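K.L.:
no sequence on this one, just coordinates:
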RNA sequence: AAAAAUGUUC
RNA sequence: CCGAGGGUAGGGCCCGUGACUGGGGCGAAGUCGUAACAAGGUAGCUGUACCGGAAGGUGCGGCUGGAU
RNA sequence: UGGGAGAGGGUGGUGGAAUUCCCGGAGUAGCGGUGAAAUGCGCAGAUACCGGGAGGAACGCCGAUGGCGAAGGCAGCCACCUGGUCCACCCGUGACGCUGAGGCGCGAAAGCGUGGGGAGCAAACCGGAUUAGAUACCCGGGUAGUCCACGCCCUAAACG
RNA sequence: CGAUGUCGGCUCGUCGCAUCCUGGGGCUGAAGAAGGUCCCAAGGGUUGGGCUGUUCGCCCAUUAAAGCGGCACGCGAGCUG
RNA sequence: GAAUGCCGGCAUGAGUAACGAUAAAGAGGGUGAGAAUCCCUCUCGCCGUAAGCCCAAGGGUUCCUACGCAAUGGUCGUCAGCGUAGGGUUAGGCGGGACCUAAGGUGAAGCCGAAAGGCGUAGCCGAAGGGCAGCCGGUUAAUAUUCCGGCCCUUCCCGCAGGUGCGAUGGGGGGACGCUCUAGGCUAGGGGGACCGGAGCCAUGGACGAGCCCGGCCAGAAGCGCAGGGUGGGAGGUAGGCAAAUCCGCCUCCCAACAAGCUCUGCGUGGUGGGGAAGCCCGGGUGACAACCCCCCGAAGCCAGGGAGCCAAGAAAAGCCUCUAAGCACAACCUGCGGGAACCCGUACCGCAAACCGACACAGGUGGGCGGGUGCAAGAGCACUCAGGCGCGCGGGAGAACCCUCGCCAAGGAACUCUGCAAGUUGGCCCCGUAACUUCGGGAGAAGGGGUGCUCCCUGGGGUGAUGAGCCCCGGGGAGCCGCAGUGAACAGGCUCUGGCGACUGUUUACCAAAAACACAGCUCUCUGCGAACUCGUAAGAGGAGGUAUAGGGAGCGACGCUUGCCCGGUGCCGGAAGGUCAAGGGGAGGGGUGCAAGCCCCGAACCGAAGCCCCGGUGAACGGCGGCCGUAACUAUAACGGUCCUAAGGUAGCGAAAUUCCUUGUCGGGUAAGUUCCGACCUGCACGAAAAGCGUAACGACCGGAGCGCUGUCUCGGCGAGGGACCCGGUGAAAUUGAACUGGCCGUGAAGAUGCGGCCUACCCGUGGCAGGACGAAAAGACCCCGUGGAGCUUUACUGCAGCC
RNA sequence: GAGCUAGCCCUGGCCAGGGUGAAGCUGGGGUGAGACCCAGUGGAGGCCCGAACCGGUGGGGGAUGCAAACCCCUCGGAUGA
Ligand SMILES: [Mg+2]
Ligand SMILES: [Mg+2]
Ligand SMILES: [Mg+2]
Ligand SMILES: [Mg+2]
Ligand SMILES: [Mg+2]
Ligand SMILES: [Mg+2]
Ligand SMILES: [Mg+2]
Ligand SMILES: [Mg+2]
Ligand SMILES: [Mg+2]
Ligand SMILES: [Mg+2]
Ligand SMILES: [Mg+2]
Ligand SMILES: [Mg+2]
Ligand SMILES: [Mg+2]
Ligand SMILES: [Mg+2]
Ligand SMILES: [Mg+2]
Ligand SMILES: [Mg+2]
Ligand SMILES: [Mg+2]
Ligand SMILES: [Mg+2]
Ligand SMILES: [Mg+2]
Ligand SMILES: [Mg+2]
Ligand SMILES: [Mg+2]
Ligand SMILES: [Mg+2]
Ligand SMILES: [Mg+2]
Ligand SMILES: [Mg+2]
Ligand SMILES: [Mg+2]
Ligand SMILES: [Mg+2]
Ligand SMILES: [Mg+2]
Ligand SMILES: [Mg+2]
Ligand SMILES: [Mg+2]
Ligand SMILES: [Mg+2]
Ligand SMILES: [Mg+2]
Ligand SMILES: [Mg+2]
Ligand SMILES: [Mg+2]
Ligand SMILES: [Mg+2]
Ligand SMILES: [Mg+2]
Ligand SMILES: [Mg+2]
Ligand SMILES: [Mg+2]
Ligand SMILES: [Mg+2]
Ligand SMILES: [Mg+2]
Ligand SMILES: [Mg+2]
Ligand SMILES: [Mg+2]
Ligand SMILES: [Mg+2]
Ligand SMILES: [Mg+2]
Ligand SMILES: [Mg+2]
Ligand SMILES: [Mg+2]
Ligand SMILES: [Mg+2]
Ligand SMILES: [Mg+2]
Ligand SMILES: [Mg+2]
Ligand SMILES: [Mg+2]
Ligand SMILES: [Mg+2]
Ligand SMILES: [Mg+2]
Ligand SMILES: [Mg+2]
Ligand SMILES: [Mg+2]
Ligand SMILES: [Mg+2]
Ligand SMILES: [Mg+2]
Ligand SMILES: [Mg+2]
Ligand SMILES: [Mg+2]
Ligand SMILES: [Mg+2]
Ligand SMILES: [Mg+2]
Ligand SMILES: [Mg+2]
Ligand SMILES: [Mg+2]
Ligand SMILES: [Mg+2]
Ligand SMILES: [Mg+2]
Ligand SMILES: [Mg+2]
Ligand SMILES: [Mg+2]
Ligand SMILES: [Mg+2]
Ligand SMILES: [Mg+2]
Ligand SMILES: [Mg+2]
Ligand SMILES: [Mg+2]
Ligand SMILES: [Mg+2]
Ligand SMILES: [Mg+2]
Ligand SMILES: [Mg+2]
Ligand SMILES: [Mg+2]
Ligand SMILES: [Mg+2]
Ligand SMILES: [Mg+2]
Ligand SMILES: [Mg+2]
Ligand SMILES: [Mg+2]
Ligand SMILES: [Mg+2]
Ligand SMILES: [Mg+2]
Ligand SMILES: [Mg+2]
Ligand SMILES: [Mg+2]
Ligand SMILES: [Mg+2]
Ligand SMILES: [Mg+2]
Ligand SMILES: [Mg+2]
Ligand SMILES: [Mg+2]
Ligand SMILES: [Mg+2]
Ligand SMILES: [Mg+2]
Ligand SMILES: [Mg+2]
Ligand SMILES: [Mg+2]
Ligand SMILES: [Mg+2]
Ligand SMILES: [Mg+2]
Ligand SMILES: [Mg+2]
Ligand SMILES: [Mg+2]
Ligand SMILES: [Mg+2]
Ligand SMILES: [Mg+2]
Ligand SMILES: [Mg+2]
Ligand SMILES: [Mg+2]
Ligand SMILES: [Mg+2]
Ligand SMILES: [Mg+2]
Ligand SMILES: [Mg+2]
Ligand SMILES: [Mg+2]
Ligand SMILES: [Mg+2]
Ligand SMILES: [Mg+2]
Ligand SMILES: [Mg+2]
Ligand SMILES: [Mg+2]
Ligand SMILES: [Mg+2]
Ligand SMILES: [Mg+2]
Ligand SMILES: [Mg+2]
Ligand SMILES: [Mg+2]
Ligand SMILES: [Mg+2]
Ligand SMILES: [Mg+2]
Ligand SMILES: [Mg+2]
Ligand SMILES: [Mg+2]
Ligand SMILES: [Mg+2]
Ligand SMILES: [Mg+2]
Ligand SMILES: [Mg+2]
Ligand SMILES: [Mg+2]
Ligand SMILES: [Mg+2]
Ligand SMILES: [Mg+2]
Ligand SMILES: [Mg+2]
Ligand SMILES: [Mg+2]
Ligand SMILES: [Mg+2]
Ligand SMILES: [Mg+2]
Ligand SMILES: [Mg+2]
Ligand SMILES: [Mg+2]
Ligand SMILES: [Mg+2]
Ligand SMILES: [Mg+2]
Ligand SMILES: [Mg+2]
Ligand SMILES: [Mg+2]
Ligand SMILES: [Mg+2]
Ligand SMILES: [Mg+2]
Ligand SMILES: [Mg+2]
Ligand SMILES: [Mg+2]
Ligand SMILES: [Mg+2]
Ligand SMILES: [Mg+2]
Ligand SMILES: [Mg+2]
Ligand SMILES: [Mg+2]
Ligand SMILES: [Mg+2]
Ligand SMILES: [Mg+2]
Ligand SMILES: [Mg+2]
Ligand SMILES: [Mg+2]
Ligand SMILES: [Mg+2]
Ligand SMILES: [Mg+2]
Ligand SMILES: [Mg+2]
Ligand SMILES: [Mg+2]
Ligand SMILES: [Mg+2]
Ligand SMILES: [Mg+2]
Ligand SMILES: [Mg+2]
Ligand SMILES: [Mg+2]
Ligand SMILES: [Mg+2]
Ligand SMILES: [Mg+2]
Ligand SMILES: [Mg+2]
Ligand SMILES: [Mg+2]
Ligand SMILES: [Mg+2]
Ligand SMILES: [Mg+2]
Ligand SMILES: [Mg+2]
Ligand SMILES: [Mg+2]
Ligand SMILES: [Mg+2]
Ligand SMILES: [Mg+2]
Ligand SMILES: [Mg+2]
Ligand SMILES: [Mg+2]
Ligand SMILES: [Mg+2]
Ligand SMILES: [Mg+2]
Ligand SMILES: [Mg+2]
Ligand SMILES: [Mg+2]
Ligand SMILES: [Mg+2]
Ligand SMILES: [Mg+2]
Ligand SMILES: [Mg+2]
Ligand SMILES: [Mg+2]
Ligand SMILES: [Mg+2]
Ligand SMILES: [Mg+2]
Ligand SMILES: [Mg+2]
Ligand SMILES: [Mg+2]
Ligand SMILES: [Mg+2]
Ligand SMILES: [Mg+2]
Ligand SMILES: [Mg+2]
Ligand SMILES: [Mg+2]
Ligand SMILES: [Mg+2]
Ligand SMILES: [Mg+2]
Ligand SMILES: [Mg+2]
Ligand SMILES: [Mg+2]
Ligand SMILES: [Mg+2]
Ligand SMILES: [Mg+2]
Ligand SMILES: [Mg+2]
Ligand SMILES: [Mg+2]
Ligand SMILES: [Mg+2]
Ligand SMILES: [Mg+2]
Ligand SMILES: [Mg+2]
Ligand SMILES: [Mg+2]
Ligand SMILES: [Mg+2]
Ligand SMILES: [Mg+2]
Ligand SMILES: [Mg+2]
Ligand SMILES: [Mg+2]
Ligand SMILES: [Mg+2]
Ligand SMILES: [Mg+2]
Ligand SMILES: [Mg+2]
Ligand SMILES: [Mg+2]
Ligand SMILES: [Mg+2]
Ligand SMILES: [Mg+2]
Ligand SMILES: [Mg+2]
Ligand SMILES: [Mg+2]
Ligand SMILES: [Mg+2]
Ligand SMILES: [Mg+2]
Ligand SMILES: [Mg+2]
Ligand SMILES: [Mg+2]
Ligand SMILES: [Mg+2]
Ligand SMILES: [Mg+2]
Ligand SMILES: [Mg+2]
Ligand SMILES: [Mg+2]
Ligand SMILES: [Mg+2]
Ligand SMILES: [Mg+2]
Ligand SMILES: [Mg+2]
Ligand SMILES: [Mg+2]
Ligand SMILES: [Mg+2]
Ligand SMILES: [Mg+2]
Ligand SMILES: [Mg+2]
Ligand SMILES: [Mg+2]
Ligand SMILES: [Mg+2]
Ligand SMILES: [Mg+2]
Ligand SMILES: [Mg+2]
Ligand SMILES: [Mg+2]
Ligand SMILES: [Mg+2]
Ligand SMILES: [Mg+2]
Ligand SMILES: [Mg+2]
Ligand SMILES: [Mg+2]
Ligand SMILES: [Mg+2]
Ligand SMILES: [Mg+2]
Ligand SMILES: [Mg+2]
Ligand SMILES: [Mg+2]
Ligand SMILES: [Mg+2]
Ligand SMILES: [Mg+2]
Ligand SMILES: [Mg+2]
Ligand SMILES: [Mg+2]
Ligand SMILES: [Mg+2]
Ligand SMILES: [Mg+2]
Ligand SMILES: [Mg+2]
Ligand SMILES: [Mg+2]
Ligand SMILES: [Mg+2]
Ligand SMILES: [Mg+2]
Ligand SMILES: [Mg+2]
Ligand SMILES: [Mg+2]
Ligand SMILES: [Mg+2]
Ligand SMILES: [Mg+2]
Ligand SMILES: [Mg+2]
Ligand SMILES: [Mg+2]
Ligand SMILES: [Mg+2]
Ligand SMILES: [Mg+2]
Ligand SMILES: [Mg+2]
Ligand SMILES: [Mg+2]
Ligand SMILES: [Mg+2]
Ligand SMILES: [Mg+2]
Ligand SMILES: [Mg+2]
Ligand SMILES: [Mg+2]
Ligand SMILES: [Mg+2]
Ligand SMILES: [Mg+2]
Ligand SMILES: [Mg+2]
Ligand SMILES: [Mg+2]
Ligand SMILES: [Mg+2]
Ligand SMILES: [Mg+2]
Ligand SMILES: [Mg+2]
């Protein structure tokens, strides 16, 4: 339920903020926060290798559990639901009856104080983590591993979710958020339910400064540079692309596919993405 | 206005100092060449 | 289950 | 002190007029097509939407004020 | 008070038929289409037939000249929440009634916003015909939209 | 071409005369007035404004008249730009 | 003898410009060979959120003294940041190290690279971050939280006593965190006092006064008081914190719950130690047995790790506490007391600057803290002023032009000009008042207007305190006084209407462009299934991202509103197990060389054989493209209409002489006296047009236009005045430039613009202040143009390679 | 060679004073319940004015400079990209 502002500045008429209604706790768990080494988009050589990065708000990285098979059968309580600056989703704080405390990303519907568990025998219930094979066909899942015991890699962004469309051997057929149809291993864990905070995509950043708070530095069009800089550089006055629209490095950027043709996971993609 | 020389002893020693020179093949040659010339100062003098 | 328009004036 | 009024400034209503522009009305026998009236030759009409020299056409739904 | 009838309304769920796309088999020179054709599709293996799958939308028979709602309108099936309504007994209240400028709410379709969704259908648009022309009818495509959520719009041959 | 700074304006003038005005004439299809035209004449004078960078030009209001040219299309070791 | 030659020396310009902020000087006395310039005193002026003070960096003896004045000092010099000599920097507590980590760097393990080297987990290093013990005063010519005095504290070592399962680099807690706003109580700092202390003063008309002037504190251990921060207690279970755990984490139960208790800071008090002015006398002494008190104002600082709200969600690690592990429980640890022990480095001086960065004693640049008083609504603003520091290291005169900076101006009032450039105007606060339009915020400080000082009188509420006095803070009403003028000085919007462009705040060519350019939220296309795409790297390894399609890359467009048409023939891209072409390779008909030969060797056809291209389709918010000619209407005119040729399709909505219109100052209309501009229209649009977006759009703009009001020295049209220069004198004394010069006008001539030739004319010798027409004046071996088989940046369907990719 | 300059990383510091007055909260009104209306409180913002500070708009001076980019007047941002 994105929060609109009255137009009391130029930028406030479009600026919407998250409603933060599901958050129950406004300070991370100490035993779970490490410093997030900000990069500015620069590699170990020092070079900018992803452009227009930096200067965003300081952050603390919250350790998330993408391996909920680590604590099979040990139930846990949903202690809180918390903010996380490092992802689009909300993170849930779990008190395992072990006395172990872990963070997980918060699926939609998950209510503070409910019990969740992980394992083959888990109820098909919001926030439980079963191997893909033990989840019934037609179930909406998120935080899906892509290879057994390697960590939840799919459907972790706000509102995302994969769907189990059918089975075939040691593999189940998943419809990823992208609309791709993939074979993911049945022993791969997923968490039933979609990720919470669907409204995340309806947030209107509002002004340039907001983007800078996200660590996003200004983006310079190729069309505005000189021929030393960019295939779209130069021209007298404004100028159209004048060639197949291209990246700063020469390659075409309109339709040109770039997935490795001989990639071994091709055997596991049923149907390239939709739309 | 602000000019180019903004002296800083720590900077001077970490950039042009004897130890910085010896750490890289170029710096070693630098010292080598200044010794062969007979410089009185292989590295800049800075007080620490 | 219709091929095919139009028509000077009191 | 108030005070005719005069002055400076800013408003509201009304009227006349204005390059040009929009349709409207009318104008015995102009130009294009033939939409409607017979099932008017694709039944019509309708609110709406898009489109087309133009009447109109088409979609969606509605009405019979439709033939057999 | 005790009963009844009903596509009344909202939410969630769920069932089968059909169209489409995909996958497998099998299979050959046409298919499709019309007034007749052409466009289109098809030996790069279409159509037709079988199995599997994905998806969305609409509910055949019952079905009616029937039912319900104030109207717009409402049709598979299940449950939940809920409105109106008729009937019997003649129990209670004791005119508390009727209408209603404003106000408020509802309000088919189409349209609009933000999302989702998208099979079939289909304004716009394309192409094939027809034709003097054919910015139409008829044909092969096809985008909005049609569907869902929320919010607008507030129109009508909103008619008995 | 081991540099002669380019239009326009401003400022300062100075010269020419194919004279715009002013002085003097002849001819007139010169009645007068006022014109026309040619001749002599460079002494002095030759306005303020709107438009446009403009020169020029058009226009407004005047004027005796609102001359045309040369001076490195006079004049940036004077200014503007 | 020439090379804008090289080096040096010395000329010229020239006693010329200049002598570095216009804050400012004058006199007396001293010193001395010599004095505007040094010392002293008096007077005067300037800074005072500094031009004062204290830190940090940088500098490196510049510090203090004694003796000096050749050079340095833009003059002088007896002075000095200068020459010589001597002296000066004193710490367990300040700063840094013997503590901790941040980025980063480095790096046992490990990985990679022709070599050199590149990486890399831990670890180590790495500070202005964390952590940690000293405050006040005195002293030196020069150092002082450093020496001294007072009063305190830290750790290390040993011992004594008491208490305890002690013990760690291991577990855990804590350390530990943002931004804005902010409570209470304090302190720093300040104001006043009719109270306390003080040497005095009574002037020039008055005042012996509740007069004036001056000062009225500082540090402090325990205890105590005030204010705050931190913190539940117990029990039972336990599978988690990579061993263990009595700790922490999880569940239960009893009690406690604004508390209290325990603890830690702040502040006050506090034994005690200090300080202590004006004035006078020569840094000192007196004052002085100085007093040291009350009220108010009051932090941004302190209690603090306080509170609230927000979204962008806000280091680490040690110290410290706790838990247990080896071990050890004669130990060890904890607490208390005692004695001993406590190292290396810095410490001078400048430090918004004459000592640092700018070649200079350079009007520039340089982080942190303090920064007093009064008045002005507030403040670090502005004026003045304290403390303190300065008058800027050439002076003296004169009183021209001209220039700078400044003041004023009759009448006019933009007539100036490319343009109101510039300069006026406006100007704070309080009150009244405020339009189109609008996205309902705005526009808005719209516009416009009134008010503003001082005196007296009455009264309202606030803080403090006590509920009162006093002080202090917001006001309200009535009556008056004066001036040209009351925000009387200083600081402080001119305004309106209307287009263009860009939504907006932002960004930019450091040093000629701040814009309409870039950016921007937002929109679309596109790539990307995660060992992602993409980027950097030979690689390793990184970035992407400790992210996962609501995400990440690329590209265009650029808030928002309304929209974004038709062309897929070409080019791109995407799809297409057929067909065609196609390399290596396979294949090996068939030839060939050779040899007595077995054989060895070469050639080699069909045929199989990738991507790519061909080919078939799709695709425009991919590259892009969106016609011609002729005719036709009951007037002319013009064509809704037709004919035909071509196209892949022929430019739709909207807009249009435009940031686009050649002709052009188009035509018409508005505004003006007059309008190549401007605004509104028209539309035969040379050559708009729909995300290189089309058309609009409130708000915003040091953008660019047009108009009006206000006001002006912009101007008609200049005048006067000020100061700093220019001028004279004393001091010091450059520069570019310079073939040599004894360097005139005209008309000619001359390589075509002559001081230099001819002819004529003019002209005594030499300067000074001035002006710039000439010396084709200076400066820069023309930056335009061409030339060179010179160079470089950039492009591509130029050529040819290479990376990368298939 | 990043002691200038450009970006980023880490860790610190700075931003006088005044103006406007968003959400929310409270109370009242409102209704079947609502939306909502109002008042008070609240203190939001690449909000407003304006020092420090960061700038560098227009003009003037400067031009062998005080300065190889300075000075004066003016002007932009000043809780934020
Ligand atoms: Mg909003
Ligand atoms: Mg609103
Ligand atoms: Mg939330
Ligand atoms: Mg931690
Ligand atoms: Mg990272
Ligand atoms: Mg590195
Ligand atoms: Mg390196
Ligand atoms: Mg990159
Ligand atoms: Mg970057
Ligand atoms: Mg989050
Ligand atoms: Mg994310
Ligand atoms: Mg798998
Ligand atoms: Mg978005
Ligand atoms: Mg961020
Ligand atoms: Mg951009
Ligand atoms: Mg460019
Ligand atoms: Mg460019
Ligand atoms: Mg480059
Ligand atoms: Mg290149
Ligand atoms: Mg290029
Ligand atoms: Mg280009
Ligand atoms: Mg260019
Ligand atoms: Mg360009
Ligand atoms: Mg162009
Ligand atoms: Mg360009
Ligand atoms: Mg290209
Ligand atoms: Mg895919
Ligand atoms: Mg600089
Ligand atoms: Mg230098
Ligand atoms: Mg610096
Ligand atoms: Mg340093
Ligand atoms: Mg350094
Ligand atoms: Mg540095
Ligand atoms: Mg070094
Ligand atoms: Mg280095
Ligand atoms: Mg080497
Ligand atoms: Mg070596
Ligand atoms: Mg040397
Ligand atoms: Mg030596
Ligand atoms: Mg060296
Ligand atoms: Mg028919
Ligand atoms: Mg006809
Ligand atoms: Mg007839
Ligand atoms: Mg009156
Ligand atoms: Mg009168
Ligand atoms: Mg008809
Ligand atoms: Mg019909
Ligand atoms: Mg049609
Ligand atoms: Mg075929
Ligand atoms: Mg075949
Ligand atoms: Mg589908
Ligand atoms: Mg009925
Ligand atoms: Mg009864
Ligand atoms: Mg409706
Ligand atoms: Mg509808
Ligand atoms: Mg009916
Ligand atoms: Mg030349
Ligand atoms: Mg020369
Ligand atoms: Mg020259
Ligand atoms: Mg010259
Ligand atoms: Mg010359
Ligand atoms: Mg020229
Ligand atoms: Mg003039
Ligand atoms: Mg005459
Ligand atoms: Mg006559
Ligand atoms: Mg004359
Ligand atoms: Mg002309
Ligand atoms: Mg002209
Ligand atoms: Mg006359
Ligand atoms: Mg002339
Ligand atoms: Mg001539
Ligand atoms: Mg000239
Ligand atoms: Mg000429
Ligand atoms: Mg000419
Ligand atoms: Mg000339
Ligand atoms: Mg000239
Ligand atoms: Mg000039
Ligand atoms: Mg000129
Ligand atoms: Mg000259
Ligand atoms: Mg001259
Ligand atoms: Mg010679
Ligand atoms: Mg020379
Ligand atoms: Mg030479
Ligand atoms: Mg030489
Ligand atoms: Mg010599
Ligand atoms: Mg010499
Ligand atoms: Mg001389
Ligand atoms: Mg001389
Ligand atoms: Mg002289
Ligand atoms: Mg001279
Ligand atoms: Mg000079
Ligand atoms: Mg000088
Ligand atoms: Mg000077
Ligand atoms: Mg000054
Ligand atoms: Mg002054
Ligand atoms: Mg004197
Ligand atoms: Mg002297
Ligand atoms: Mg002397
Ligand atoms: Mg003195
Ligand atoms: Mg005196
Ligand atoms: Mg002061
Ligand atoms: Mg030095
Ligand atoms: Mg000397
Ligand atoms: Mg001497
Ligand atoms: Mg000597
Ligand atoms: Mg000297
Ligand atoms: Mg001297
Ligand atoms: Mg000097
Ligand atoms: Mg001397
Ligand atoms: Mg002497
Ligand atoms: Mg000393
Ligand atoms: Mg000590
Ligand atoms: Mg030691
Ligand atoms: Mg360390
Ligand atoms: Mg090495
Ligand atoms: Mg280091
Ligand atoms: Mg430290
Ligand atoms: Mg310390
Ligand atoms: Mg102390
Ligand atoms: Mg103990
Ligand atoms: Mg213990
Ligand atoms: Mg913490
Ligand atoms: Mg933290
Ligand atoms: Mg910290
Ligand atoms: Mg104190
Ligand atoms: Mg005070
Ligand atoms: Mg005390
Ligand atoms: Mg407890
Ligand atoms: Mg346990
Ligand atoms: Mg403390
Ligand atoms: Mg502060
Ligand atoms: Mg604090
Ligand atoms: Mg707090
Ligand atoms: Mg915030
Ligand atoms: Mg760390
Ligand atoms: Mg023992
Ligand atoms: Mg030691
Ligand atoms: Mg010291
Ligand atoms: Mg300064
Ligand atoms: Mg400072
Ligand atoms: Mg100094
Ligand atoms: Mg100083
Ligand atoms: Mg020096
Ligand atoms: Mg310099
Ligand atoms: Mg000086
Ligand atoms: Mg200086
Ligand atoms: Mg004071
Ligand atoms: Mg004030
Ligand atoms: Mg002076
Ligand atoms: Mg000064
Ligand atoms: Mg001076
Ligand atoms: Mg004189
Ligand atoms: Mg004289
Ligand atoms: Mg001055
Ligand atoms: Mg006067
Ligand atoms: Mg005047
Ligand atoms: Mg006037
Ligand atoms: Mg006027
Ligand atoms: Mg004017
Ligand atoms: Mg201009
Ligand atoms: Mg103008
Ligand atoms: Mg209004
Ligand atoms: Mg208006
Ligand atoms: Mg407007
Ligand atoms: Mg409004
Ligand atoms: Mg106001
Ligand atoms: Mg006003
Ligand atoms: Mg007075
Ligand atoms: Mg003012
Ligand atoms: Mg102002
Ligand atoms: Mg215009
Ligand atoms: Mg711009
Ligand atoms: Mg802008
Ligand atoms: Mg816009
Ligand atoms: Mg923008
Ligand atoms: Mg920048
Ligand atoms: Mg520039
Ligand atoms: Mg430049
Ligand atoms: Mg430059
Ligand atoms: Mg430069
Ligand atoms: Mg400039
Ligand atoms: Mg600007
Ligand atoms: Mg730019
Ligand atoms: Mg958009
Ligand atoms: Mg690369
Ligand atoms: Mg990686
Ligand atoms: Mg990472
Ligand atoms: Mg842009
Ligand atoms: Mg095409
Ligand atoms: Mg194509
Ligand atoms: Mg095609
Ligand atoms: Mg192939
Ligand atoms: Mg294009
Ligand atoms: Mg093209
Ligand atoms: Mg083309
Ligand atoms: Mg259209
Ligand atoms: Mg036009
Ligand atoms: Mg025009
Ligand atoms: Mg236009
Ligand atoms: Mg054009
Ligand atoms: Mg034109
Ligand atoms: Mg023209
Ligand atoms: Mg005209
Ligand atoms: Mg116009
Ligand atoms: Mg025309
Ligand atoms: Mg384009
Ligand atoms: Mg264009
Ligand atoms: Mg609008
Ligand atoms: Mg606008
Ligand atoms: Mg702007
Ligand atoms: Mg701006
Ligand atoms: Mg601007
Ligand atoms: Mg003047
Ligand atoms: Mg004077
Ligand atoms: Mg004399
Ligand atoms: Mg002299
Ligand atoms: Mg001298
Ligand atoms: Mg001679
Ligand atoms: Mg002469
Ligand atoms: Mg001569
Ligand atoms: Mg000649
Ligand atoms: Mg001559
Ligand atoms: Mg001769
Ligand atoms: Mg001669
Ligand atoms: Mg002569
Ligand atoms: Mg002289
Ligand atoms: Mg002179
Ligand atoms: Mg001259
Ligand atoms: Mg010459
Ligand atoms: Mg000349
Ligand atoms: Mg000359
Ligand atoms: Mg000249
Ligand atoms: Mg030059
Ligand atoms: Mg040369
Ligand atoms: Mg040359
Ligand atoms: Mg040159
Ligand atoms: Mg040229
Ligand atoms: Mg040439
Ligand atoms: Mg050649
Ligand atoms: Mg060449
Ligand atoms: Mg080259
Ligand atoms: Mg290569
Ligand atoms: Mg590629
Ligand atoms: Mg730097
Ligand atoms: Mg530096
Ligand atoms: Mg630096
Ligand atoms: Mg600030
Ligand atoms: Mg106010
Ligand atoms: Mg308020
Ligand atoms: Mg609140
Ligand atoms: Mg602001
Ligand atoms: Mg304001
Ligand atoms: Mg300037
Ligand atoms: Mg100059
Ligand atoms: Mg210069
Ligand atoms: Mg300045
Ligand atoms: Mg100023
Ligand atoms: Mg700003
Ligand atoms: Mg401001
Ligand atoms: Mg401020």
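P.N.:
That came through, no problem. Residues are numbered from 1 along each chain as shown, chains lettered A, B, ... in the order given. Ligands and ions are numbered 1, 2, ... in the order given.

K.L.:
what residue lies at the spatial centre of chain A?
P.N.:
Residue closest to the average C-alpha location in chain A (Cα atoms, centre = their mean): residue A:157, at 3.0 Å.

K.L.:
which residue packs closest to residue A:109, ignoring adjacent ones?
P.N.:
Closest residue to residue A:109 apart from its sequence neighbours, by Cβ to Cβ, 6 or more residues apart in numbering or on different chains: residue A:126 at 4.9 Å. Every C-beta, even on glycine, is put in place using the N, C-alpha and C of the backbone.

K.L.:
quick one, strands of chain B?
P.N.:
Along chain B, counting by DSSP state E, no stretch forms strands.

K.L.:
State which helix of it is the longest.
P.N.:
Assignment by DSSP state H gives helix B:25-37 as the longest helix of chain B.

K.L.:
Tell me which residues of it come out buried.
P.N.:
Buried positions in helix B:25-37, judged by neighbour count with 16 or more other Cβ atoms under 10 Å in any protein chain shown: B:27, B:30-31.

K.L.:
element containing the residue nearest to residue A:109?
P.N.:
Of the helices and strands defined by DSSP states H and E, none includes residue A:126.

K.L.:
So the residue of the stretch 1-150 of chain A found nearest ligand 27 versus ligand 32, what's the distance?
P.N.:
When scored by Cβ to the ion, the stretch 1-150 of chain A has residue A:146 as its residue closest to ligand 27, at 13.8 Å. Look at residue A:146 and ligand 32: by Cβ to the ion, to the nearest Å, they are 47 Å apart.
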